[PDB]
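Undergrad: Build me a model from this:
(4 chains)
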4 protein chains.
Amino acid sequence: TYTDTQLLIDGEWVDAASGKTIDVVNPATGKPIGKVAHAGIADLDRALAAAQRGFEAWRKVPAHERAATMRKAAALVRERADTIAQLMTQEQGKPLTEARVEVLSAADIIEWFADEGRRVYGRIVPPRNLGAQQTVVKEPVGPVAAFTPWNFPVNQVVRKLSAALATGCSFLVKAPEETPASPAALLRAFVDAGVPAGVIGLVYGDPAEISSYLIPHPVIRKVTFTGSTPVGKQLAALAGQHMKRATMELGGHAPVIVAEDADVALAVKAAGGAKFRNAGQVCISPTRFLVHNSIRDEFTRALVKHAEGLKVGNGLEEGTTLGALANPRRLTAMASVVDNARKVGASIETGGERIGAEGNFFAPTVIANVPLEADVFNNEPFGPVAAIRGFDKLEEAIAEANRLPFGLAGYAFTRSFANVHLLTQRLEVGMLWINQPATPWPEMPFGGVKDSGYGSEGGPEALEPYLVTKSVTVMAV
Amino acid sequence: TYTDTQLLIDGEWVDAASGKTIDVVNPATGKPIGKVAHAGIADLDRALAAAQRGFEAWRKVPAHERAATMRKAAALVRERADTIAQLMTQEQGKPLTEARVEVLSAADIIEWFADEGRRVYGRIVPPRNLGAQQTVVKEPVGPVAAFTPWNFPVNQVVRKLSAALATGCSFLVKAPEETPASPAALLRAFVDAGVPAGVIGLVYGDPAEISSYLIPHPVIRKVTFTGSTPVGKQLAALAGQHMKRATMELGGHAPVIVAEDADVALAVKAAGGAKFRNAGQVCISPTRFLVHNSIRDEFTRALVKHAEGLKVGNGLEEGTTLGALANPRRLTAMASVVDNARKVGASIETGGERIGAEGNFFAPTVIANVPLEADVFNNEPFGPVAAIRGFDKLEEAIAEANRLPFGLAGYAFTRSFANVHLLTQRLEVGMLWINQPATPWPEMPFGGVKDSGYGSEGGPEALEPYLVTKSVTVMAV
Amino acid sequence: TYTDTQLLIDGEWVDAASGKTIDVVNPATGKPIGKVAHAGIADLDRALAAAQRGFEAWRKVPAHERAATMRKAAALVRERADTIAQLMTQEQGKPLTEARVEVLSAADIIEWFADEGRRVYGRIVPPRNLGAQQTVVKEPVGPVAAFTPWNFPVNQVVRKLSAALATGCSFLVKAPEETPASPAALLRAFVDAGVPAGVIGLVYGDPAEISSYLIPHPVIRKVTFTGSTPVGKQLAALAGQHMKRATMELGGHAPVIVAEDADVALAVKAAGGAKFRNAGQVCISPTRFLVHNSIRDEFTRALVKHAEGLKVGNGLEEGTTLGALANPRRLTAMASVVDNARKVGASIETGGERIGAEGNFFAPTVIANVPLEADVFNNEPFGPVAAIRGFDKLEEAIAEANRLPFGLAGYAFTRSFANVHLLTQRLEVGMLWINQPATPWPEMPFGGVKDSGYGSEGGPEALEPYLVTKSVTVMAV
Amino acid sequence: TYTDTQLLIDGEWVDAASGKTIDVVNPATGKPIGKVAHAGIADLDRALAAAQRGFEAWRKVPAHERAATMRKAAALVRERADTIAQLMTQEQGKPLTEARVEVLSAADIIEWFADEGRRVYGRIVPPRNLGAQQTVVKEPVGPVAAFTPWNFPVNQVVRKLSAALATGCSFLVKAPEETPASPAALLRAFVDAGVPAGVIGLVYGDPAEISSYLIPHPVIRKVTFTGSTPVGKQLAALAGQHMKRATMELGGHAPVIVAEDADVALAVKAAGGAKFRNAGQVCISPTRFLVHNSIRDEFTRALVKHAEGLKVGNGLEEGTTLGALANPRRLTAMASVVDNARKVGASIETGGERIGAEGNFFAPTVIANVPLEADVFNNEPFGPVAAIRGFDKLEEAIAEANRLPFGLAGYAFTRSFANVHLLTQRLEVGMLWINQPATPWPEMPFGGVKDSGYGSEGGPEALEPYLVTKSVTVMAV
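TA: Residues are numbered from 1 along each chain as shown, chains lettered A, B, ... in the order given. Coordinates below:
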């Protein structure tokens, strides 16, 4: 059953001071299922004061003790995976099998970052004067304000939170209001694991009012944001105005390059399965399919058959492989994308229409003969729609893949080492997957370039935005 | 003799399209000595087009060949050290001996970064699937727009330029208009060393108009700024609005902690000499002298005697150890700082008045019994003035040193390991020097925290802002 | 109750083919308590064949799966800590509290190395030709033959085994015959955790015959030995004769430097407690106490009082802080060391005689006025005896601490940063502890120099002896 | 003109105390050209005493000053490249063009290691107790004894010497007696560059007597050897007997795998040119050509034509691409290898006989249809002879390439990423080159596995054998 969500301030789950709440609806039915507290300025003041105290206590806990507490939270998350997955499905719409995968991988993310926190190594530099010692020490930056979207309510919070806790920083996150229950369950596991009060905080309310107050507040030292590019540009400008360290993970437009020597069956299974994961509402979802003209037609038929094999329905019902879209605004965007494709002369091979009249169900869509001016090839669709366009020379495919200002993810399918070497050097993406779907592991860096933002949420590089570099030189006399 | 300065666009030294120029005056006499080209929008268009082509060519040159070209430029800089130093002294005001030290250390900076460019190492991660290869590759971010102040016309340009060239990026810098000749001489050495046309560019003009056009331009991928905090906040907000990667080095307010067990003679020689380097117009200049009450009076007398031993005059004349201030606005700031100190009850131990009536000469000033509300203890003076305040407990000195939002540099003097360990952990600075003056080496990270900005200009960390991290996973089938 | 010990070959606990056994006696009573299998050449043949197959399977298991199996073994070790500790006490003699600490710290060692195995990172080098890729890959060396002493039966096996398993190597260890039960219990936990058959092997018998056969065998690729220097020289020569990679951890002679400004009470508590840990039968046991003459007499009285406060008895009995020596040969060595000290003119401040007539109980001994020619100051005593000698200048203490060819551990006590910096630079030891007793953590390198051997058993450096470095350059054409 | 060679002891070029000398002959004519001093035990005593003093002085010189001295030596080597090359050709036999390449690449090796010495970084570990500091410091091991062969008289000395000098160690090398002049010229450049007396030493004489005395001497702390496997086993056993850290670079047996999809013309040009470099007297010379049966016959014809295009003659004469073998023992080995191949049924496609009657000239030899039992396929030929054998499946080629106990180098030629990935994982070699000849750069690790020794002479790993790892933990109280 779906439960109501409160705010987490200073270790206590509390209501807002004014008592205001926001209704939460099920995307598959459109009916209310619960509500979440709507925090005001007064609640943010208490959260910011608790965040300052939490940073003081957490930075004094040794790294091996912070790792032990973090790994106990990961065990609690893994124990409660079924319950958290059910909350995620009801509020977000993804199938129960996909929700369970996200929760289990979140526990894997916590465990890796817990060990990474014990390996934040300083440096000893060979001194210019042997009578002095030159060292480079690493310290937590301080309290962190975070903002996360609804696409992966638990996974997109767990990466920011794990990196902040592993370095010794405090963490105050505004989770998405449309999917509040599963992020609250993730933070409840950390509270039960023994994270001290004030080290972690959770708020909900008006996104614009909360971000406008936390970012300029002197307590906050670091801002991290994941979401849309237009919103990220607003918050990055505000962070720059007050000289706050910031990292941005924004929307992407992932190209897929299917070379002449590609395995067509492997490309359809990998890129097709990655296309419809989370109903295409993923920042790294394969969007622009650039298929070589020699095997383009065979690729299109197989992709259409794969899309027609998906079962669309309620995510709680067994056998569902494609759930409802998270919000009605995605339904409007899907209709606009398909309508524009028809106008510009593209062909709708399958899907392209709303299923039913209740919920946010949209059929998986494959579009062929897409011109370069179509909206689907310039703006991120963020839905279950694939666009296919042919090419002759691999240099033409690379040039098209680099045309847009989005630099987040890319995909390729080829057999020769020369093609792999060329695509590694030339594609302007933060992540490249060849001959397989995306497998984002905690040990691999996760981030984009250009308008997709900057900063990494995986690997050892994920801790650098939360750390300050200090040069120390002591003359021994 | 002082020469006029042109713009460097696409490998050619050219005038502005409109022919406009800006007069350059000698700070020690107030008389014109030359002029510098005033670039408009049209010249910026040619520079941006050349920067895009320069990035294409420079990124294809192997790292060992880029290092060889960089080291040849360092040899030319070292050969021309005397000529460059004379230009710096006439336009900026620092003594000829200090100018020569800056130029020679610039060549040392180039050589270190040339070797560091050959050690930009990728990573191979143990794969989750043995049939696939997981790698992390490093690539240049792209064209870089830079903005530098007049305090160190050559050194503050050479750090940004060396890091950009070592990673393979192109570099377009707006050097300060009041000190144009010595930055132009530094870039001339790189042109003579064989840097391809368009890889490096140099412009002058209206700082607001140039920054407002280069930062949002799609060609620019990375912005780096050094200067005042209020200006840095404007450019960081603009960079965030267009999602451009940015690094900021802003003003600081350096505290000095003289502990009970400190060597008083060593503290006066080290902190006093570092105070009046470049007439205190350094972002890491020791400003807030927190001296233990047991040896405060002895410290004050020795510091006053050290200040009175300085010879004030033209930087070209031999025997001068303190030159003229760089611009008349520093003269007004010095008078305002001393006047406010008198009002709040502080005592002027020495100096505190303008010397003569021609130029920008100000006497070295020592102020004692400074209250916490005085302007010198809250705002960065950026001049040859030291403020002394006593303390009893070391925890009180640490709390005062962390009170201001400036986090750039700190200084300490102590003998016990416990004091060194405590100050290393507690002081919120990017750089700490104990028992010695500041010795910024190219291998040591250089940067601040909080309102002093973010990012490092030394060590291996200096290359990270100019590099993009790409995760590559290739399934072998 | 004490159990008999079998061999672990190919995943099965089996007896020797000939059925021969070796009696195990309790060091505190001298009575038999059990027996251990005595393997011959035929059993070594089966173990070597199984080791080759175990390396093939284990090297194909992904690092994250090997880490999961290793952490499950650590949980089993922690669950069975009480049972393993009782076996260790009965066969080795250390108190039950010390035995429990060793077992619990062994589980901590396994967990750190499990995570370290996932961070064995390759390198990507900037190529001289952009058309080619230069990489440095890391691979397991292969099957490993190990030899461990009786001082820490579980801890000294767990460090070699954890490093071998984390890199993907197979591991065949000859555990000490006098303490066979607790090493067998540690390896039983790895078998129960799911380590495949042949990856781990355990043998007992004649140490000379086993080492003479495993080291030259073509299956073995790496040899690791911990024990006495004379035996290590024999096995290192044999390894060199057959070009087998080898690491050696041999005996040490740890100096303690108590400076003029040292905290005398802290030095007595830290160095005195570390002296009598495991009854001084530790390779890093503080042996040569060089105490400044100004506080030498006060230090000697406090150390004598600390030694007299130890309770000597059976390790199973509660309240015992000093157990029996592990074997009768240590009793003879203790008598010889004390007798030689009396002859050379040294004074026995406390202890120096055998306690009782049954077992291997020796009183804690403090010797003062020790000359430089005494046996205790030249040969490693490996017992509960401390030797004290005075000094005037710190340079004299450093010279004495570097006189012996032993380079394993050192201790110091001082307050000034200059003394800490000087001792860090000058002391020829692999490990230095100042103002505290030894705290060997898995993340810290553990090894010696000169006659103490080479190679590290902690930190990331502990994996290098088990890894091979391969340069790969592929031209893309 | 060829000059006589003296010993370098304590900064002075001196004769042996007994005055004994060893004649040096030209391999291309068999006539004497000079002589070299023959050092005895007494001269080794002076060299060892000077080495101890040289280590004391050199370890106190800062890394940036040691790098400056090293780079000045590299400039002198590059200036004197022509003179050094002429000495190398007359005494060793390789063509003048090859000798010049070796000398110029030696200067490149020095420059890389000079910069690498400034980046010997320590580590700061996150402490378990926040009141203490845990650091890992790196220090020079001490005096180093080196032994080098005649194949690359300058290059094989320069790698050991550059690594020793960059870490601060002293260096005493026994250069080969048959090629003494060019190693002496390389060390003369370091003396002229300002390396202090005793830091570098050079001796000649009886190799067995010198190695038997330097290795056990207490002054020597590290031994490094390059040469044949049987001799390396003798010196590694002696080093183990006295517990001296040792690294071994021994002979190899390089396989070449020409896959089905290989570029046959590229494989012949790359592997054929690498085969006859230095007349095949290289430890990484391609020896066992495993060519796929589909293109085996075409490969054999092209390789034969390439061998017949070589011009054999005196290395000083212009147009010579294959010089004389270095010593008459190589002539006997070449005849024995060809004779055994005829007996076992192999076919001599070209060459296989001595050219002329004066000198050590042997014709380039290509052997086809080589059985697995032939001497050329089991023992390292170390000459200008290639052996070709066909295969059907790539797994069969990999199994053959891993059959011998030699693990130094490997070569491959393929186009698919799957083949590259498979060969990288499976080939038991220290170095792998695909689609190109060997390009050993100073930044790439250089070393073997199994009977080829251990340790690396390139990359950052080349400094580890000359460094000691010290754990330091200081409790701040």
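Undergrad: Not counting sequence-adjacent ones, nearest residue to residue A:436?
TA: residue B:475 (4.0 Å; C-beta to C-beta, 6 or more residues apart in numbering or on different chains). For the C-beta atoms, the positions are set from N, CA and C on the backbone; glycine is no exception.
Undergrad: do the same with residue A:335
TA: The shortest distance from residue A:335 to any non-neighbouring residue, by C-beta to C-beta, 6+ apart, is to residue A:354 (7.1 Å).
Undergrad: For beta bridges, what are the partners of that neighbour?
TA: residue A:362 (DSSP bridges).
Undergrad: isn't it right next to residue A:332, touching?
TA: No - with contacts counted by C-beta atoms under 8 Å, residue A:354 stays clear of residue A:332, the gap being 10.1 Å.
Undergrad: Looking at the two, which is more packed in?
TA: Using other C-beta atoms under 10 Å in any protein chain shown as the criterion, residue A:354 and residue A:332 rank with residue A:354 on top: 15 against 12.
Undergrad: got a list of what that one touches?
TA: With contact taken as C-beta atoms under 8 Å, 6 or more residues apart in numbering or on different chains, residue A:354 is in contact with A:331, A:334-335, A:361-363.
Undergrad: How about residue A:402?
TA: Contacts of residue A:402 (C-beta under 8 Å, 6+ apart): A:426-428.
Undergrad: can you check residue A:417 too?
TA: Here residue A:417 is in contact with C:474, C:476, D:414-417, D:420 (C-beta under 8 Å, 6+ apart).
Undergrad: Which residue, other than its chain neighbours, is closest to it?
TA: Using C-beta to C-beta, 6+ apart and skipping the chain neighbours, the partner closest in space to residue A:417 is residue D:417 (4.5 Å).
Undergrad: chain center to stretch A:391-398: distance?
TA: When distances are taken as C-alpha atoms, centre = their mean, to the nearest Å, stretch A:391-398 is centred 30 Å away from the chain's centroid.
Undergrad: CA atoms only for it, dumped as PDB, please.
TA: The C-alpha coordinates for stretch A:391-398 follow below in PDB (Å, rounded to 0.1, in the frame of the first residue of the first chain):
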ATOM      1  CA  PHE A 391      24.000   7.000 -43.900                       C
ATOM      2  CA  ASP A 392      26.700   5.800 -46.300                       C
ATOM      3  CA  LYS A 393      30.100   6.800 -44.900                       C
ATOM      4  CA  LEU A 394      31.100   6.500 -41.200                       C
ATOM      5  CA  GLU A 395      32.400  10.000 -41.200                       C
ATOM      6  CA  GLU A 396      28.900  11.200 -42.100                       C
ATOM      7  CA  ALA A 397      27.500   9.300 -39.200                       C
ATOM      8  CA  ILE A 398      30.100  10.800 -36.800                       C
END
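Undergrad: Give me every residue in contact with that stretch, excluding its own residues.
TA: Here stretch A:391-398 makes contact (C-beta under 8 Å, 6+ apart) with A:255, A:257, A:259-260, A:290-293, A:400, A:419, A:422-423, A:426-427.
Undergrad: So which of those residues are in helices?
TA: Per DSSP state H, helices hold the following members of those: A:400, A:419, A:422-423, A:426.
Undergrad: quick revisit: restrict the contacts of stretch A:391-398 to those that also contact chain C, please.
TA: Under the cut-off given by C-beta under 8 Å from any C-beta of the partner chain, chain C has residue A:422 from the contacts of stretch A:391-398 close to it.
Undergrad: Any of the contacts of stretch A:391-398 buried? List them.
TA: A:255, A:257, A:259-260, A:290-292, A:400, A:419, A:422-423, A:427 (16 or more other C-beta atoms under 10 Å in any protein chain shown).
Undergrad: Take those and lay them out in CSV including distance to chain B.
TA: Shown next, in CSV, are those (distance: C-beta to the nearest C-beta, whole Å):
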residue, distance to chain B
A:255, 15
A:257, 13
A:259, 13
A:260, 16
A:290, 18
A:291, 19
A:292, 18
A:400, 17
A:419, 10
A:422, 12
A:423, 9
A:427, 8
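Undergrad: How about the residues of the stretch 101-250 of chain A by chain D?
TA: Neighbours of chain D within the stretch 101-250 of chain A, by C-beta under 8 Å from any C-beta: A:117-130, A:135-138.
Undergrad: Among the ones in helices among the contacts of stretch A:391-398, which one sits closest to chain D?
TA: Among those, residue A:419 lies closest to chain D (C-beta to the nearest C-beta), at 8.1 Å.
Undergrad: List the single closest residue to that closest one in space, sequence neighbours excluded.
TA: Leaving out its chain neighbours, the residue that sits closest to residue A:419 by C-beta to C-beta, 6+ apart is residue A:259, at 5.6 Å.
Undergrad: coming back round to it: buried subset of the contacts of residue A:417 as a ChimeraX selection?
TA: Entered in ChimeraX, the line below selects the buried ones among the contacts of residue A:417, by 16+ other C-beta under 10 Å:
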select /C:474,476 /D:414,415,416,417,420
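Undergrad: Which of the contacts of residue A:417 fall in helices?
TA: Reading helices off the contacts of residue A:417 with DSSP H, I get D:417, D:420.
Undergrad: Which one of the contacts of residue A:417 is nearest to residue B:237?
TA: Nearest to residue B:237 among these, counting by C-beta to C-beta, is residue C:476 at 43.5 Å.
Undergrad: pretty sure that closest one contacts residue C:133?
TA: Yes - using C-beta under 8 Å, residue C:476 is in contact with residue C:133, at 6.9 Å.
Undergrad: what do those two both touch?
TA: Between them, residue C:476 and residue C:133 share these contacting residues under C-beta under 8 Å, 6+ apart: residue A:421.
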